[PDB]
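Q: Going down the list, the protein sequences come from chains L, X, A, R, F and C.
With positions in the first sequence counted from 1, the corresponding number in the UniProt record's numbering is that position plus 450.
With positions in the second sequence counted from 1, the corresponding number in the UniProt record's numbering is that position plus 450.
With positions in the third sequence counted from 1, the corresponding number in the UniProt record's numbering is that position plus 449.
With positions in the fourth sequence counted from 1, the corresponding number in the UniProt record's numbering is that position plus 140.
With positions in the fifth sequence counted from 1, the corresponding number in the UniProt record's numbering is that position plus 140.
With positions in the sixth sequence counted from 1, the corresponding number in the UniProt record's numbering is that position plus 140.
I have a structure here, written as structure tokens, and I will follow up with some questions on it.
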Amino acid sequence: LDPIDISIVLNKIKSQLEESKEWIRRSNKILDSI
Amino acid sequence: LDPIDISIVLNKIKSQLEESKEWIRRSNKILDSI
Amino acid sequence: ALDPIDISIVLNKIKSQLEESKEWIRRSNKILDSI
Amino acid sequence: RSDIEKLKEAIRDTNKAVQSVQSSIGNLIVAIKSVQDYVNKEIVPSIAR
Amino acid sequence: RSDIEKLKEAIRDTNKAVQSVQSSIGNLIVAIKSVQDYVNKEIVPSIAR
Amino acid sequence: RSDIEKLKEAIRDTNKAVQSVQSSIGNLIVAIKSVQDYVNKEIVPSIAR
Ligand SMILES: [Ca+2]
């Protein structure tokens, strides 16, 4: 049978997670300036 | 075999996710009032 | 002879991390109460 | 009405959004657990049979 | 920039971080649904035969 | 502490909650991939045989 392949969606989630982490990094950097 | 059916929980996740979206909407509009 | 799938370790970690997230919100809300 | 009270309410709303996400992640665990159980209790025996 | 302005932007970045998490969960639903559908459409028929 | 310092600590706590959620999602990905791989390497070849 053809294998299940959800790599497209998993790779998308990994990409959105990296974005989420960058925003939190930016938030904390601003808080550090206070 | 009986088919696997997790559509209820997945649509429940979709519901809780829309609630989360509205909470961010409110938060963003209060910050604008500053 | 097919081994059953067992992702219980990772699921239990996700659960613990979820409980850790609830604790951080608890603390946030508590500080906000003290304002 | 004060800026400090506005920030306070904003954070309070962000927290609620995060709480909703926490609930959603809890249900994702159940959904994935259900797939595991289905594979182990239905598909695996069927193939071993 | 003032302490109030800094706090307002901090919370704005945090909300964006939650918004990305929300997107992630949306796609986690899609991935799990795809596994469900693959099991139902490709595996169960095969096993029934 | 001041109101400003309190809002600040409230927002670090919230960010740490988001980070725990980020970690939890990362592991959700791992769990789903494990399911996919199990289907493709254990179930599918079995049915093929
Ligand atoms: Ca409040």
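Using N, Cα and C, we set each Cβ at its ideal position, and we do this for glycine too.
How is the alpha helix (DSSP H) around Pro185 (chain F) delimited, first residue to last?
A: Run containing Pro185 (chain F): 184 to 188, per the alpha helix (DSSP H) assignment.
Q: Using only alpha-carbon positions, find the residue among C:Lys156, C:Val158, C:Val170, C:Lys148 that is nearest to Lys462 (chain A).
A: Among C:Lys156, C:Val158, C:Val170, C:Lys148, the Cα nearest to that of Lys462 (chain A) belongs to C:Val170.
Q: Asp452 (chain L): buried (16+ other C-beta within 10 angstroms of its C-beta) or exposed?
A: By the 10 Å Cβ count, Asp452 (chain L) comes out exposed.
Q: Inspect the beta-carbon positions of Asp143 (chain R) and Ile480 (chain X) and report whether they are closer than 8 Å.
A: Going by C-beta atoms, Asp143 (chain R) is not nearer than 8 Å to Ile480 (chain X).
Q: Kindly indicate the opening and closing residues of the alpha helix (DSSP H) around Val161 (chain F).
A: Residues 143 to 178.
Q: Would you say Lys148 (chain R) touches ligand 1, meaning its beta carbon is less than 7 Å from a heavy atom?
A: Yes, the Cβ of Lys148 (chain R) comes within 7 Å of a heavy atom of ligand 1.
Q: In the structure shown, what three-state DSSP assignment does residue 390 (chain A) receive?
A: The question about residue 390 (chain A) has no answer here: the residues shown for chain A are numbered 450 through 484.
Q: Are there any heavy atoms of ligand 1 lying less than 7 Å away from the beta-carbon of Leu451 (chain A), as far as the coordinates show?
A: No, Cβ of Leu451 (chain A) sits at least 7 Å from all heavy atoms of ligand 1.
Q: Where does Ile474 (chain X) fall in DSSP's three states?
A: DSSP places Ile474 (chain X) in helix when its eight states are reduced to three.
Q: Any heavy atom of ligand 1 within a distance shorter than 7 Å of the CB on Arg152 (chain R)?
A: Yes; taking the cut-off as 7 Å, the Cβ of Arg152 (chain R) has a heavy atom of ligand 1 nearer than that.
Q: Between the beta-carbon of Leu460 (chain X) and the beta-carbon of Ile172 (chain F), is there less than 8 Å?
A: Yes, they are a contact pair.
Q: In chain R, which residues lie less than 8 Å from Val184 (chain C) when you measure between Cβ atoms?
A: Result: empty, since nearest Cβ-Cβ is about 10 Å, beyond 8 Å.
Q: Under 8 Å: do the segment 156 to 168 of chain R and the segment 464 to 483 of chain L share three or more Cβ pairs, one atom per stretch?
A: They do not touch, by the three-pair rule.
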